[PDB]
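In structure tokens, one chain follows: the form deposited in one PDB entry.
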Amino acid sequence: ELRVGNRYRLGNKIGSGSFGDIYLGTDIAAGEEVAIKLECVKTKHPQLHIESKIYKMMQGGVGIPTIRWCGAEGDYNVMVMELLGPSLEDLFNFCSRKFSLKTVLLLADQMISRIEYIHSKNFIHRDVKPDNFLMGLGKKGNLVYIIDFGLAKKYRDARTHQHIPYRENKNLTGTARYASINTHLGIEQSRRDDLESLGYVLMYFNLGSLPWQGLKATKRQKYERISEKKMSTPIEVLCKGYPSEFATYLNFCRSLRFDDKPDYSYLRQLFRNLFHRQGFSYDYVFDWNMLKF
């Protein structure tokens, strides 16, 4: 039996994290399960304390995981969080890697709002991907949460709101599959890039895979092939067979200037108007609704 924080029983691994994997655990006192993130202290660049600080700054926002405890204990840095439900990637697989339009639009609405919230607190996320959105549990089972602040960083000064400077020659940060075109080009990430990535996530959900997925290969040619393919795929080819709003969303995000504040409301309204034009009911009945978590 393994214990951390003189309070939590450590269980088995439930997932990966940017830096440190995630384990199920039990809060022995409260008789409740929790999620426990562990980072090895001999890791080359320890990050967990920084990440926990970001979670603390995000607290109180809708769809932000609650921190219960953080501390170092011997060979591990430990972060204990409220347990959440499955990831959108888990649920996508459950659903045979295709979501209905209704589900994609219900998800888009919340996901835009999560990103907007992180931006409002002065950070960019930098790794918007299905694995980093989790559904809640119980009464919050239809709430989408955003997680993993391991790659996040400030994009503006907290007092003046002066934007970070434009620069280039940046190494890739985040998943190549969902990176913005400017991220592939080595441009410093900013708010538009989180939103562009979300655009690719929504098309991934619509399509089942993206055109730059499953390319094969030095240091390496794989990322270069992804970048080249993504950069040369016409939006209208990517989005063929799906409502025009998906291409409108992507063109909008791509046209944002480096320091522009995105019109989040416009983007949410694009999808909401479509939702209601289609005559969907906003009843939070997702494709996985037969699962009762």
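For every residue, the number given is its place in the sequence shown, counted from 1.
Heads up, the form deposited with a partner chain bound isn't pictured, but that's what we're talking about next.
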{"item": "Position in contact with the partner chain when the complex is considered in the bound PDB entry, options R177, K102, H119, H163, heavy atoms within 4.5 Å", "value": "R177"}
{"item": "Segment that reaches the partner chain in the bound PDB entry - one of 195-203, 155-163, 106-114, 168-176, heavy atoms within 4.5 Å", "value": "168-176"}
{"item": "Contact label in the bound PDB entry: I226 to the partner chain, heavy atom within 4.5 Å", "value": "yes"}
{"item": "is_contact(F275, the partner chain) in the bound PDB entry, heavy atom dist at most 4.5 Å", "value": "no"}
{"item": "Partner contact for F280 in the bound PDB entry: the partner chain, 4.5 angstroms, heavy atom", "value": "no"}
{"item": "Proximity of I181 to the partner chain in the bound PDB entry, heavy atoms at 4.5 Å", "value": "no"}
